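Here's the structure, in structure tokens; my notes come after.
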Amino acid sequence: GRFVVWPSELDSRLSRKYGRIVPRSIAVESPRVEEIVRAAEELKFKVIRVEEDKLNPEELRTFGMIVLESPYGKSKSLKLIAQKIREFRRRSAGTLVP
């Protein structure tokens, strides 16, 4: 259905109390809004709206939200998005370790 994606929800750097929803091993480090949008697009989700606000200032320096429509539930959608981002980054780096 339609739901919002907040980068913290799939960020492996974070604890669950602080917002991570996705299992630790599936989550990716510092998911960027642009990465989430591209992942959603590759998964053929419909991107409704993207908001990104960067303000000169700590943890509130960056704000980002993506409104998506997916054929799947939010939890499954988030897992697929996280996996797609990992795949993206690996493709670009072309290497496993630094």
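Scheme for the structure tokens: letters A, B, ... for chains in order shown; per-chain residue numbers from 1; ligand numbers from 1 in order shown.
If you count only C-alpha atoms and ignore residues fewer than 4 places along the chain from range 86-96 of chain A, what sits within 9 Å of it is residues 26, 27, 28, 35, 39, 81 and 82 of chain A.
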With C-alpha atoms retained, export the selected residues as a JSON list (two decimals), in the first residue's frame.
```
[["chain", "number", "residue", "atom", "x", "y", "z"],
["A", 26, "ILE", "CA", 19.76, -6.74, 6.41],
["A", 27, "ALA", "CA", 20.08, -3.04, 7.30],
["A", 28, "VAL", "CA", 22.69, -0.86, 5.58],
["A", 35, "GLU", "CA", 19.75, 5.67, -2.57],
["A", 39, "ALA", "CA", 16.22, 1.28, -4.86],
["A", 81, "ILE", "CA", 15.02, -1.68, -0.32],
["A", 82, "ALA", "CA", 17.90, -2.42, 2.08]]
```
Could you find all residues in chain A that DSSP calls helix (DSSP H, G or I) from the backbone, and write them as a CSV table (one decimal) with N, CA and C atoms, in the first residue's frame?
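In the end it all went to part.csv:
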```csv
chain,number,residue,atom,x,y,z
A,7,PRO,N,14.8,7.1,6.4
A,7,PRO,CA,16.1,6.4,6.3
A,7,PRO,C,16.5,5.7,7.5
A,8,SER,N,16.2,6.3,8.7
A,8,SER,CA,16.6,5.7,10.0
A,8,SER,C,16.1,4.2,10.1
A,9,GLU,N,14.9,4.0,9.5
A,9,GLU,CA,14.2,2.7,9.6
A,9,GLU,C,15.1,1.5,9.1
A,10,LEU,N,16.0,1.8,8.2
A,10,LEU,CA,16.8,0.7,7.7
A,10,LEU,C,18.3,0.9,7.8
A,33,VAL,N,18.8,9.3,1.1
A,33,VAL,CA,17.5,9.5,0.5
A,33,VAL,C,17.5,9.1,-1.0
A,34,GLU,N,18.6,9.6,-1.7
A,34,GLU,CA,18.7,9.3,-3.1
A,34,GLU,C,18.9,7.8,-3.4
A,35,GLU,N,19.5,7.1,-2.4
A,35,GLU,CA,19.7,5.7,-2.6
A,35,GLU,C,18.4,4.9,-2.4
A,36,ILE,N,17.6,5.3,-1.5
A,36,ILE,CA,16.3,4.7,-1.2
A,36,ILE,C,15.4,4.9,-2.4
A,37,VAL,N,15.4,6.1,-3.0
A,37,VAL,CA,14.6,6.4,-4.1
A,37,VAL,C,15.0,5.5,-5.3
A,38,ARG,N,16.3,5.4,-5.6
A,38,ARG,CA,16.8,4.6,-6.7
A,38,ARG,C,16.4,3.1,-6.4
A,39,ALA,N,16.6,2.7,-5.2
A,39,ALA,CA,16.2,1.3,-4.9
A,39,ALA,C,14.7,1.0,-5.1
A,40,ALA,N,13.9,2.0,-4.6
A,40,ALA,CA,12.5,1.8,-4.8
A,40,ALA,C,12.1,1.8,-6.2
A,41,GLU,N,12.8,2.6,-7.0
A,41,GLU,CA,12.5,2.7,-8.5
A,41,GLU,C,12.9,1.3,-9.1
A,42,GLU,N,14.1,0.8,-8.7
A,42,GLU,CA,14.5,-0.5,-9.3
A,42,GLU,C,13.6,-1.6,-9.0
A,74,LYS,N,4.9,-2.9,4.4
A,74,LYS,CA,6.1,-2.0,4.7
A,74,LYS,C,7.3,-2.7,5.1
A,75,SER,N,7.2,-3.7,6.0
A,75,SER,CA,8.3,-4.4,6.5
A,75,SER,C,9.1,-5.2,5.4
A,76,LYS,N,8.3,-5.8,4.5
A,76,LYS,CA,8.9,-6.5,3.4
A,76,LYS,C,9.5,-5.5,2.4
A,77,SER,N,8.8,-4.4,2.2
A,77,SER,CA,9.3,-3.4,1.3
A,77,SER,C,10.7,-2.8,1.7
A,78,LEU,N,10.8,-2.6,3.0
A,78,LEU,CA,12.0,-2.1,3.7
A,78,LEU,C,13.2,-3.0,3.5
A,79,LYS,N,12.9,-4.3,3.7
A,79,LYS,CA,13.9,-5.3,3.6
A,79,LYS,C,14.4,-5.4,2.1
A,80,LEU,N,13.5,-5.3,1.1
A,80,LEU,CA,13.9,-5.3,-0.3
A,80,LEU,C,14.7,-4.1,-0.6
A,81,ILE,N,14.3,-2.9,-0.1
A,81,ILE,CA,15.0,-1.7,-0.3
A,81,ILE,C,16.5,-1.8,0.2
A,82,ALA,N,16.6,-2.2,1.5
A,82,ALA,CA,17.9,-2.4,2.1
A,82,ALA,C,18.8,-3.4,1.3
A,83,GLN,N,18.3,-4.5,0.8
A,83,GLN,CA,19.0,-5.4,0.0
A,83,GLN,C,19.4,-4.8,-1.4
A,84,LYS,N,18.5,-4.0,-2.0
A,84,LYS,CA,18.9,-3.4,-3.2
A,84,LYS,C,20.0,-2.3,-3.1
A,85,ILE,N,20.0,-1.6,-2.0
A,85,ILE,CA,21.0,-0.6,-1.7
A,85,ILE,C,22.4,-1.3,-1.5
A,86,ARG,N,22.4,-2.4,-0.8
A,86,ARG,CA,23.7,-3.1,-0.6
A,86,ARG,C,24.2,-3.5,-1.9
A,87,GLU,N,23.3,-4.0,-2.8
A,87,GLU,CA,23.7,-4.5,-4.1
A,87,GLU,C,24.2,-3.3,-5.0
A,88,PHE,N,23.6,-2.1,-4.9
A,88,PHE,CA,24.0,-0.9,-5.6
A,88,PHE,C,25.4,-0.6,-5.2
A,89,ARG,N,25.7,-0.5,-3.9
A,89,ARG,CA,27.0,0.0,-3.4
A,89,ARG,C,28.1,-1.0,-3.8
A,90,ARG,N,27.8,-2.3,-3.8
A,90,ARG,CA,28.8,-3.3,-4.2
A,90,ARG,C,29.1,-3.2,-5.6
A,91,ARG,N,28.1,-3.0,-6.5
A,91,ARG,CA,28.3,-2.8,-7.9
A,91,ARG,C,29.3,-1.6,-8.2
A,92,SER,N,29.1,-0.5,-7.5
A,92,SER,CA,29.9,0.7,-7.7
A,92,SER,C,31.3,0.5,-7.3
A,93,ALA,N,31.5,0.0,-6.0
A,93,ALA,CA,32.8,-0.2,-5.5
A,93,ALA,C,33.6,-1.2,-6.3
```
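From CA of residue 47 in chain A back to CA of residue 72 in chain A, the distance works out to 13.9 Å.
Our summary of the geometry notes that CA of residue 64 in chain A is positioned 6.6 Å from CA of residue 6 in chain A.
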- Task: Taking the chain letters and numbering used in this document, name the residues of chain A that DSSP puts in strand (DSSP E), as a ChimeraX atom specification.
- Result: /A:2-5,46-54,62-69
Kindly export the residues of the current selection with N, CA and C atoms, as a compact mmCIF listing (two decimals), in the first residue's frame.
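part.txt, written as the output of this step:
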```
# COMPACT_ATOMS: atom_id res chain seq x y z
N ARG A 2 0.32 2.34 0.55
CA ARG A 2 1.06 3.59 0.63
C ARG A 2 1.57 3.82 2.05
N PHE A 3 2.84 4.17 2.16
CA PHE A 3 3.47 4.40 3.45
C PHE A 3 4.68 5.30 3.28
N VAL A 4 5.24 5.75 4.39
CA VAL A 4 6.41 6.61 4.35
C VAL A 4 7.66 5.80 4.68
N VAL A 5 8.76 6.11 4.00
CA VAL A 5 10.05 5.54 4.34
C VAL A 5 10.95 6.62 4.90
N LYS A 46 6.16 2.72 -6.67
CA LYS A 46 5.83 4.06 -7.15
C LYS A 46 6.28 5.10 -6.12
N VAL A 47 7.15 6.01 -6.53
CA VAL A 47 7.58 7.07 -5.63
C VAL A 47 6.62 8.26 -5.72
N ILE A 48 5.94 8.56 -4.61
CA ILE A 48 4.91 9.59 -4.57
C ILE A 48 5.52 10.96 -4.31
N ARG A 49 6.35 11.02 -3.28
CA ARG A 49 6.95 12.28 -2.87
C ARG A 49 8.26 12.01 -2.17
N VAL A 50 9.23 12.89 -2.40
CA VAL A 50 10.51 12.82 -1.71
C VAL A 50 10.76 14.18 -1.09
N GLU A 51 11.11 14.20 0.19
CA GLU A 51 11.44 15.44 0.88
C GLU A 51 12.84 15.30 1.46
N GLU A 52 13.68 16.29 1.21
CA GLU A 52 14.99 16.31 1.85
C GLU A 52 15.35 17.74 2.24
N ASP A 53 15.64 17.92 3.53
CA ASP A 53 15.95 19.24 4.07
C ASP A 53 17.29 19.18 4.81
N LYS A 54 18.24 20.00 4.39
CA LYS A 54 19.54 20.05 5.04
C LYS A 54 19.75 21.43 5.63
N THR A 62 20.09 16.82 9.07
CA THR A 62 19.49 16.30 7.85
C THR A 62 18.12 15.69 8.11
N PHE A 63 17.18 15.97 7.22
CA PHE A 63 15.85 15.37 7.30
C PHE A 63 15.49 14.83 5.93
N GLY A 64 14.96 13.62 5.88
CA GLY A 64 14.59 13.02 4.61
C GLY A 64 13.44 12.04 4.78
N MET A 65 12.50 12.08 3.84
CA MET A 65 11.34 11.19 3.86
C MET A 65 10.93 10.86 2.43
N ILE A 66 10.51 9.63 2.20
CA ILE A 66 10.01 9.21 0.89
C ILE A 66 8.63 8.59 1.06
N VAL A 67 7.64 9.12 0.36
CA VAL A 67 6.32 8.49 0.33
C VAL A 67 6.26 7.56 -0.87
N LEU A 68 5.98 6.29 -0.61
CA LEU A 68 6.00 5.25 -1.63
C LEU A 68 4.68 4.50 -1.69
N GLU A 69 4.40 3.93 -2.85
CA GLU A 69 3.35 2.92 -2.95
C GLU A 69 3.98 1.61 -3.40
```
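For the set A:58, A:97, A:11, A:44, the residue with the smallest atom-to-atom gap to residue 32 in chain A is A:11, counting only C-alpha atoms.
With only C-alpha atoms as the basis for measurement, A:45 is the residue among A:61, A:45, A:20, A:56 that approaches residue 1 in chain A most closely.
Atom pair CA of residue 15 in chain A / CA of residue 57 in chain A: separated by 23.4 Å.
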